[PDB]
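**Student:** I am attaching a structure below and will ask some questions about it afterwards.
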Amino acid sequence: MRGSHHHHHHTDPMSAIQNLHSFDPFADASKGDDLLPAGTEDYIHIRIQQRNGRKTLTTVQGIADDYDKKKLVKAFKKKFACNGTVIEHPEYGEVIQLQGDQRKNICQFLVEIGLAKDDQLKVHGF
């Protein structure tokens with residue numbers, strides 16, 4: 001170890017783990033100005049999840065967390081009057097969860113409010 005030695009009986013280096021140094025083109029990083037990951041244009045993947053024969057939950061993946069979480073979903077319940085929520089899926093990462101098959105309303109919402117982009121319109125009905 002040879003780390004911190006100023007305690008009576010603890011020593012927990014884990015206490016100093018706040019994700020330090022996580023950005024540096026000249027240190028732990030690599031990006032090609034010409035070589036890009038893939039031509040995806042960062043679309044907005046929808047995807048529906050109908051547990052039963054109606055318990056649908058249209059989700060939205062790709063959207064930026066910077067968006068107005070409130071005006072984002074809250075507005076949904078004001079336009080279509082549907083049940084919308086915000087979930088941070090581990091398989092996708094930060095994805096809204098609408099109630100019922102909104103694959104046609106959400107994409108319409110993303111464009112109606114200006115959330116996603118017509119080019120990002122990635123609707124994938126289960």
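Each chain in the structure tokens gets a letter, A, B, ..., in the order shown, and its residues are numbered from 1; ligands are numbered from 1 in order too.
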Please report, as a list in words, each residue of segment 4-112 of chain A to which DSSP assigns helix (DSSP H, G or I) when run on this structure's backbone.
**Tutor:** residues 13, 14, 15, 16, 69, 70, 71, 72, 73, 74, 76, 77, 78, 79, 103, 104, 105, 106, 107, 108, 109, 110, 111 and 112 of chain A
**Student:** With a distance cut-off of 9 Å and only C-alpha atoms, select the neighbouring residues of segment 65-80 of chain A, excluding the residue or stretch itself and same-chain residues fewer than 3 positions from it, and output the selection as a ChimeraX atom specification.
**Tutor:** /A:83-86,94-98,105-106,109-110,113,115
**Student:** Would you write out those residues with N, CA, C and O atoms, as a CSV table (one decimal), in the first residue's frame?
**Tutor:**
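This is the output file out01.csv:
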```
chain,number,residue,atom,x,y,z
A,83,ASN,N,-49.0,9.7,-19.3
A,83,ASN,CA,-48.1,9.5,-18.2
A,83,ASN,C,-46.6,9.4,-18.6
A,83,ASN,O,-46.2,8.4,-19.1
A,84,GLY,N,-45.8,10.4,-18.3
A,84,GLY,CA,-44.4,10.4,-18.7
A,84,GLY,C,-43.5,10.5,-17.5
A,84,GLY,O,-43.8,11.3,-16.6
A,85,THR,N,-42.4,9.8,-17.5
A,85,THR,CA,-41.5,9.8,-16.4
A,85,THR,C,-40.1,9.8,-16.9
A,85,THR,O,-39.8,9.5,-18.1
A,86,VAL,N,-39.1,10.0,-16.1
A,86,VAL,CA,-37.7,10.1,-16.4
A,86,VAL,C,-36.9,9.0,-15.7
A,86,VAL,O,-36.7,9.1,-14.5
A,94,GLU,N,-29.9,7.2,-19.0
A,94,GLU,CA,-30.8,8.4,-19.1
A,94,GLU,C,-31.8,8.3,-20.2
A,94,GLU,O,-31.5,8.7,-21.3
A,95,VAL,N,-33.0,7.7,-19.9
A,95,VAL,CA,-34.0,7.6,-21.0
A,95,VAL,C,-35.4,7.9,-20.4
A,95,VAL,O,-35.7,7.2,-19.3
A,96,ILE,N,-36.1,8.7,-21.0
A,96,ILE,CA,-37.5,9.0,-20.5
A,96,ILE,C,-38.4,7.8,-20.7
A,96,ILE,O,-38.2,7.0,-21.6
A,97,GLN,N,-39.4,7.7,-19.9
A,97,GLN,CA,-40.4,6.6,-20.0
A,97,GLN,C,-41.8,7.1,-20.0
A,97,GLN,O,-42.4,7.6,-19.1
A,98,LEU,N,-42.4,7.1,-21.2
A,98,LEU,CA,-43.8,7.5,-21.5
A,98,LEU,C,-44.7,6.3,-21.3
A,98,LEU,O,-44.3,5.1,-21.5
A,105,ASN,N,-46.2,9.5,-31.0
A,105,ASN,CA,-46.4,10.7,-30.3
A,105,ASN,C,-45.1,11.3,-29.8
A,105,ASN,O,-44.9,12.5,-29.8
A,106,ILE,N,-44.2,10.5,-29.3
A,106,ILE,CA,-43.0,10.9,-28.8
A,106,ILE,C,-42.1,11.6,-29.9
A,106,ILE,O,-41.6,12.7,-29.7
A,109,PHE,N,-43.4,14.6,-30.5
A,109,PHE,CA,-43.2,15.5,-29.4
A,109,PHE,C,-41.8,16.1,-29.4
A,109,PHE,O,-41.6,17.3,-29.3
A,110,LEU,N,-40.8,15.2,-29.7
A,110,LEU,CA,-39.4,15.6,-29.8
A,110,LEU,C,-39.3,16.7,-30.9
A,110,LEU,O,-38.4,17.6,-30.7
A,113,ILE,N,-41.7,20.1,-29.7
A,113,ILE,CA,-41.1,20.9,-28.7
A,113,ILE,C,-39.7,21.3,-29.1
A,113,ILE,O,-39.2,22.4,-28.6
A,115,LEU,N,-37.1,18.9,-29.0
A,115,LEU,CA,-36.2,18.1,-28.2
A,115,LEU,C,-35.1,17.4,-29.0
A,115,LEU,O,-33.9,17.7,-29.0
```
**Student:** Interatomic distance between atom CA of residue 112 of chain A and atom CA of residue 47 of chain A?
**Tutor:**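 So the answer is 18.7 Å.
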**Student:** One number please: atom CA of residue 120 of chain A to atom CA of residue 92 of chain A, in Å, one decimal.
**Tutor:**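 Atom CA of residue 120 of chain A sits 15.8 Å away from atom CA of residue 92 of chain A.
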**Student:** Quick one: pull the distance between atom CA of residue 62 of chain A and atom CA of residue 119 of chain A, Å, one decimal.
**Tutor:** 12.4 Å
**Student:** DSSP on the backbone: what in chain A comes out strand (DSSP E or B), as a ChimeraX atom specification?
**Tutor:** /A:44-45,57,59-61,84-87,95-98,100,121-122
**Student:** Just write the chosen residues, N, CA, C and O atoms, as a PDB file, in the first residue's frame.
**Tutor:**
```
ATOM      1  N   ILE A  44     -31.975   9.653 -31.888  1.00  0.00           N
ATOM      2  CA  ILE A  44     -32.691   9.481 -30.630  1.00  0.00           C
ATOM      3  C   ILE A  44     -33.547   8.219 -30.669  1.00  0.00           C
ATOM      4  O   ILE A  44     -34.663   8.224 -31.188  1.00  0.00           O
ATOM      5  N   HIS A  45     -33.003   7.137 -30.123  1.00  0.00           N
ATOM      6  CA  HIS A  45     -33.690   5.851 -30.097  1.00  0.00           C
ATOM      7  C   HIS A  45     -34.915   5.878 -29.184  1.00  0.00           C
ATOM      8  O   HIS A  45     -34.820   6.224 -28.008  1.00  0.00           O
ATOM      9  N   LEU A  57     -44.809   1.263 -22.447  1.00  0.00           N
ATOM     10  CA  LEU A  57     -43.985   2.306 -21.849  1.00  0.00           C
ATOM     11  C   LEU A  57     -42.928   2.799 -22.837  1.00  0.00           C
ATOM     12  O   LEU A  57     -41.772   2.384 -22.783  1.00  0.00           O
ATOM     13  N   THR A  59     -40.053   4.608 -24.349  1.00  0.00           N
ATOM     14  CA  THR A  59     -38.895   5.286 -23.777  1.00  0.00           C
ATOM     15  C   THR A  59     -38.141   6.083 -24.836  1.00  0.00           C
ATOM     16  O   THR A  59     -38.309   5.859 -26.035  1.00  0.00           O
ATOM     17  N   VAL A  60     -37.304   7.011 -24.381  1.00  0.00           N
ATOM     18  CA  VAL A  60     -36.516   7.842 -25.283  1.00  0.00           C
ATOM     19  C   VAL A  60     -35.040   7.817 -24.905  1.00  0.00           C
ATOM     20  O   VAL A  60     -34.658   8.263 -23.821  1.00  0.00           O
ATOM     21  N   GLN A  61     -34.216   7.300 -25.808  1.00  0.00           N
ATOM     22  CA  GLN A  61     -32.778   7.224 -25.578  1.00  0.00           C
ATOM     23  C   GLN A  61     -32.033   8.113 -26.568  1.00  0.00           C
ATOM     24  O   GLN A  61     -32.424   8.228 -27.729  1.00  0.00           O
ATOM     25  N   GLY A  84     -45.849  10.440 -18.320  1.00  0.00           N
ATOM     26  CA  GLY A  84     -44.447  10.421 -18.686  1.00  0.00           C
ATOM     27  C   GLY A  84     -43.529  10.530 -17.486  1.00  0.00           C
ATOM     28  O   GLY A  84     -43.794  11.295 -16.560  1.00  0.00           O
ATOM     29  N   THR A  85     -42.445   9.762 -17.503  1.00  0.00           N
ATOM     30  CA  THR A  85     -41.481   9.775 -16.407  1.00  0.00           C
ATOM     31  C   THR A  85     -40.050   9.771 -16.944  1.00  0.00           C
ATOM     32  O   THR A  85     -39.823   9.529 -18.127  1.00  0.00           O
ATOM     33  N   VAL A  86     -39.092  10.041 -16.064  1.00  0.00           N
ATOM     34  CA  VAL A  86     -37.684  10.068 -16.447  1.00  0.00           C
ATOM     35  C   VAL A  86     -36.897   8.990 -15.703  1.00  0.00           C
ATOM     36  O   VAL A  86     -36.745   9.053 -14.483  1.00  0.00           O
ATOM     37  N   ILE A  87     -36.401   8.003 -16.443  1.00  0.00           N
ATOM     38  CA  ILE A  87     -35.634   6.916 -15.845  1.00  0.00           C
ATOM     39  C   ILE A  87     -34.219   6.860 -16.410  1.00  0.00           C
ATOM     40  O   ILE A  87     -33.996   7.148 -17.585  1.00  0.00           O
ATOM     41  N   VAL A  95     -32.956   7.748 -19.940  1.00  0.00           N
ATOM     42  CA  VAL A  95     -33.993   7.615 -20.954  1.00  0.00           C
ATOM     43  C   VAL A  95     -35.374   7.851 -20.351  1.00  0.00           C
ATOM     44  O   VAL A  95     -35.732   7.241 -19.344  1.00  0.00           O
ATOM     45  N   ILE A  96     -36.145   8.735 -20.971  1.00  0.00           N
ATOM     46  CA  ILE A  96     -37.486   9.041 -20.490  1.00  0.00           C
ATOM     47  C   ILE A  96     -38.407   7.843 -20.696  1.00  0.00           C
ATOM     48  O   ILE A  96     -38.172   7.019 -21.576  1.00  0.00           O
ATOM     49  N   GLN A  97     -39.444   7.745 -19.872  1.00  0.00           N
ATOM     50  CA  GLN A  97     -40.385   6.636 -19.962  1.00  0.00           C
ATOM     51  C   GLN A  97     -41.824   7.133 -20.048  1.00  0.00           C
ATOM     52  O   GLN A  97     -42.405   7.563 -19.052  1.00  0.00           O
ATOM     53  N   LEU A  98     -42.400   7.052 -21.242  1.00  0.00           N
ATOM     54  CA  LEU A  98     -43.777   7.476 -21.460  1.00  0.00           C
ATOM     55  C   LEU A  98     -44.716   6.287 -21.321  1.00  0.00           C
ATOM     56  O   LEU A  98     -44.302   5.141 -21.476  1.00  0.00           O
ATOM     57  N   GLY A 100     -47.942   3.988 -22.504  1.00  0.00           N
ATOM     58  CA  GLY A 100     -48.647   3.641 -23.724  1.00  0.00           C
ATOM     59  C   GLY A 100     -47.777   3.786 -24.957  1.00  0.00           C
ATOM     60  O   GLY A 100     -46.700   4.379 -24.897  1.00  0.00           O
ATOM     61  N   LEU A 121     -34.717  11.107 -35.369  1.00  0.00           N
ATOM     62  CA  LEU A 121     -35.947  10.344 -35.169  1.00  0.00           C
ATOM     63  C   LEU A 121     -35.696   8.849 -35.341  1.00  0.00           C
ATOM     64  O   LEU A 121     -35.765   8.319 -36.449  1.00  0.00           O
ATOM     65  N   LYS A 122     -35.400   8.177 -34.233  1.00  0.00           N
ATOM     66  CA  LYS A 122     -35.135   6.746 -34.257  1.00  0.00           C
ATOM     67  C   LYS A 122     -36.220   5.983 -33.501  1.00  0.00           C
ATOM     68  O   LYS A 122     -36.065   5.672 -32.321  1.00  0.00           O
TER      69      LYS A 122
END
```
**Student:** Which one of A:40, A:58, A:22, A:11 sits closest to residue 104 of chain A if you count only C-alpha atoms?
**Tutor:**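 Checking each of A:40, A:58, A:22, A:11 against residue 104 of chain A, counting only C-alpha atoms, the winner is A:58.
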**Student:** Taking into account only C-alpha atoms, which residue in the set A:54, A:43, A:15, A:64 is nearest to residue 93 of chain A?
**Tutor:** A:64
**Student:** Identify which of the residues A:42, A:101, A:20, A:30 lies closest to residue 55 of chain A, counting only C-alpha atoms when measuring atom-to-atom distances.
**Tutor:**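 Among A:42, A:101, A:20, A:30, it is A:101 that comes nearest to residue 55 of chain A.
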**Student:** Skipping near chain neighbours, those fewer than 4 positions away, what residues fall within 12 Å of residue 4 of chain A using only C-alpha atoms, listed as JSON, numbers by chain?
**Tutor:** {"A": [8, 9, 10, 11, 12, 13, 14, 15, 16]}
**Student:** Write the residues of the preceding selection, restricted to N, CA and C atoms, as an mmCIF file, in the first residue's frame.
**Tutor:**
```
data_model
loop_
_atom_site.group_PDB
_atom_site.id
_atom_site.type_symbol
_atom_site.label_atom_id
_atom_site.label_comp_id
_atom_site.auth_asym_id
_atom_site.auth_seq_id
_atom_site.Cartn_x
_atom_site.Cartn_y
_atom_site.Cartn_z
ATOM 1 N N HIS A 8 -5.725 5.879 13.146
ATOM 2 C CA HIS A 8 -5.548 4.922 14.232
ATOM 3 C C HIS A 8 -5.880 3.507 13.769
ATOM 4 N N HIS A 9 -6.888 3.393 12.910
ATOM 5 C CA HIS A 9 -7.308 2.096 12.390
ATOM 6 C C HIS A 9 -8.444 2.252 11.385
ATOM 7 N N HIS A 10 -8.094 2.613 10.156
ATOM 8 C CA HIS A 10 -9.084 2.797 9.101
ATOM 9 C C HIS A 10 -8.471 2.530 7.728
ATOM 10 N N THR A 11 -7.740 3.511 7.208
ATOM 11 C CA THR A 11 -7.096 3.386 5.902
ATOM 12 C C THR A 11 -8.088 2.906 4.844
ATOM 13 N N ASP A 12 -8.769 3.853 4.207
ATOM 14 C CA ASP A 12 -9.745 3.527 3.175
ATOM 15 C C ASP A 12 -9.545 4.405 1.941
ATOM 16 N N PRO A 13 -8.579 4.045 1.079
ATOM 17 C CA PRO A 13 -8.288 4.802 -0.144
ATOM 18 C C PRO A 13 -9.529 5.019 -1.003
ATOM 19 N N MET A 14 -10.521 4.150 -0.837
ATOM 20 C CA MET A 14 -11.758 4.247 -1.601
ATOM 21 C C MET A 14 -12.451 5.585 -1.354
ATOM 22 N N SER A 15 -12.203 6.172 -0.188
ATOM 23 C CA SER A 15 -12.806 7.452 0.166
ATOM 24 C C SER A 15 -12.323 8.567 -0.761
ATOM 25 N N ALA A 16 -11.232 8.313 -1.481
ATOM 26 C CA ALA A 16 -10.677 9.302 -2.395
ATOM 27 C C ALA A 16 -10.895 8.900 -3.852
#
```
